[PDB]
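K.L.:
give me a model of this one.
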Amino acid sequence: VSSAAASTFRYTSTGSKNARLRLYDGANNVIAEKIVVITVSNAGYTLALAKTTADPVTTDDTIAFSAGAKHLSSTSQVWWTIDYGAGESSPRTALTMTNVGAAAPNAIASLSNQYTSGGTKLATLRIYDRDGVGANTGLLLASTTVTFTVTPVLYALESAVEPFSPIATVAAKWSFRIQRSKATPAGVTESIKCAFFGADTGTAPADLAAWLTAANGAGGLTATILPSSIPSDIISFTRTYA
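P.N.:
Numbering: from 1, shown residues only. Next comes the structure:
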C-alpha cells in the first residue's frame, strides 16, 4: 500500500479497537474493507511494595521501602511515582520492563523518606502507561498502598529558678533542660530555638507564628543536644518581676 516505514501507535484507552483499512472511490464510498481486532487490556500488572525497616519506626530514622513492578506478558517501558502522604514526585520516573511472567518483578531503587511527624503514615506506589511530562497523562496502570505507624519523639522539660522565689524588682535566672524520649542518632545534633514568657511583662504570644518569631528573635535562646545523647544544654533566661 505504501513504501513508507512502519507507523507506531499506542492506544489511549482499553477495550476492543478495530484497525480498519478501507478503499475509497472518488465519491468517498467504501469499496473494500478489512478489520483487525486489537484487544487493549491494562490488567495483569502486579505492583509489590513493602517496608525494609522492621523495628518500631521513629521520626528520627529514615524509613526505606522495597518495591517492584511486573506484568504477565508485556515488556514495555512504564512510568512510576511514589507518594508518602504529601503528594507525588513531579517527574514520573521511567521503568524498564525487562522481566515479565512470574520470574521476578523489576525492582525500584532509592525508595526512602524521613517522616517529620508521627502517627499512621501510608506510602502509595503508582505506575502509569504514559509519562506526565507533557499534557499527556496516561491511564493509571496500577497502584498499591502500605500503611504503618511511626512513634513520635516526645520532649520533656525540667525547669528551675535560681532564686526559688523571685524577689520583686530583682533579677531571676530561669534554667531549662530538655530530655528526649529517644536518644538522637549519631551524627545528628539538634538545635532547638526556645522562647520563654514570664508573668513580668503580662503579655504572651497568643499565636504559633508569634512564638516562632520570638524563638528566632532577640528574646529567644538555643538549646543544642549532641548526637547520641538524651539530655540538652542548660538554657538561662534572666527576667525581672515588679
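K.L.:
residue 214 should be in a helix, yeah?
P.N.:
Yes. According to DSSP: H, G, I helix; E, B strand; the rest coil, residue 214 belongs to a helix.
K.L.:
neighbouring contacts of the helix or strand hosting residue 178?
P.N.:
Element membership for residue 178 (DSSP states H and E) is strand 170-180. Contact partners of strand 170-180, identified using C-beta atoms under 8 Å, 6 or more residues apart in numbering, comprise 153, 155-163, 166, 190, 192, 194, 196, 198, 223, 225, 230-241. (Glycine included, C-beta is placed from N, CA and C.)
K.L.:
what sits against the one residue sitting closest to the centre of the chain?
P.N.:
Nearest residue to the geometric centre of the chain (C-alpha atoms, centre = their mean): residue 84, 3.1 Å. Residues near residue 84 by C-beta under 8 Å, 6+ apart: 113, 115, 121, 123.
K.L.:
could you measure from the last one over to residue 147?
P.N.:
What it means is residue 123. 8 Å (C-beta to C-beta, to the nearest Å).
K.L.:
I'd like the distance between the residue lying farthest from the centre of the chain and residue 2.
P.N.:
Going by C-alpha atoms, centre = their mean, the residue of the chain most distant from its centre is residue 26, 60.5 Å out. Distance check for residue 26 against residue 2: by C-beta to C-beta, it reads 20 Å.
K.L.:
same check on residue 20?
P.N.:
16 Å.
K.L.:
neighbour count winner among these two?
P.N.:
Taking neighbours as other C-beta atoms under 10 Å, residue 20 and residue 2 compare with residue 20 leading, 10 against 5.
K.L.:
other SSEs contacting the host helix or strand of that one?
P.N.:
Here residue 20, judged by DSSP H and E, is contained in strand 15-24. In terms of contacts (3 or more C-beta pairs under 8 Å, 6 or more residues apart in numbering; DSSP states H and E), strand 15-24 is packed against strand 30-40.
K.L.:
who's in contact with the strand it packs on?
P.N.:
Applying C-beta under 8 Å, 6+ apart, the set of residues contacting strand 30-40 is 11, 13-25.
K.L.:
count the neighbours of the residue lying closest to residue 156 once chain neighbours are set aside for me.
P.N.:
Among residues not flanking residue 156 along the chain, residue 179 sits closest, at 4.3 Å (C-beta to C-beta, 6 or more residues apart in numbering). For residue 179, the neighbour count with other C-beta under 10 Å is 13.
K.L.:
next: the one 10 residues further on.
P.N.:
Other residues within reach of residue 189 by the criterion other C-beta under 10 Å amount to 10.
K.L.:
gap between it and residue 233?
P.N.:
11 Å.
K.L.:
quick check: neighbours shared by these two?
P.N.:
Counting by C-beta under 8 Å, 6+ apart, the residues touching both residue 189 and residue 233 are 224, 225.
K.L.:
isn't residue 147 right up against residue 119?
P.N.:
No. Counting by C-beta atoms under 8 Å, residue 147 stays clear of residue 119, with 10.8 Å between them.
K.L.:
picking that back up, okay, the contacts of strand 30-40 in JSON lines with distance to residue 59 next?
P.N.:
JSON lines is the format used below for these (distance: C-beta to C-beta, whole Å):
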{"residue": "11", "distance to residue 59": "45"}
{"residue": "13", "distance to residue 59": "43"}
{"residue": "14", "distance to residue 59": "42"}
{"residue": "15", "distance to residue 59": "47"}
{"residue": "16", "distance to residue 59": "51"}
{"residue": "17", "distance to residue 59": "50"}
{"residue": "18", "distance to residue 59": "56"}
{"residue": "19", "distance to residue 59": "55"}
{"residue": "20", "distance to residue 59": "59"}
{"residue": "21", "distance to residue 59": "62"}
{"residue": "22", "distance to residue 59": "64"}
{"residue": "23", "distance to residue 59": "69"}
{"residue": "24", "distance to residue 59": "68"}
{"residue": "25", "distance to residue 59": "74"}
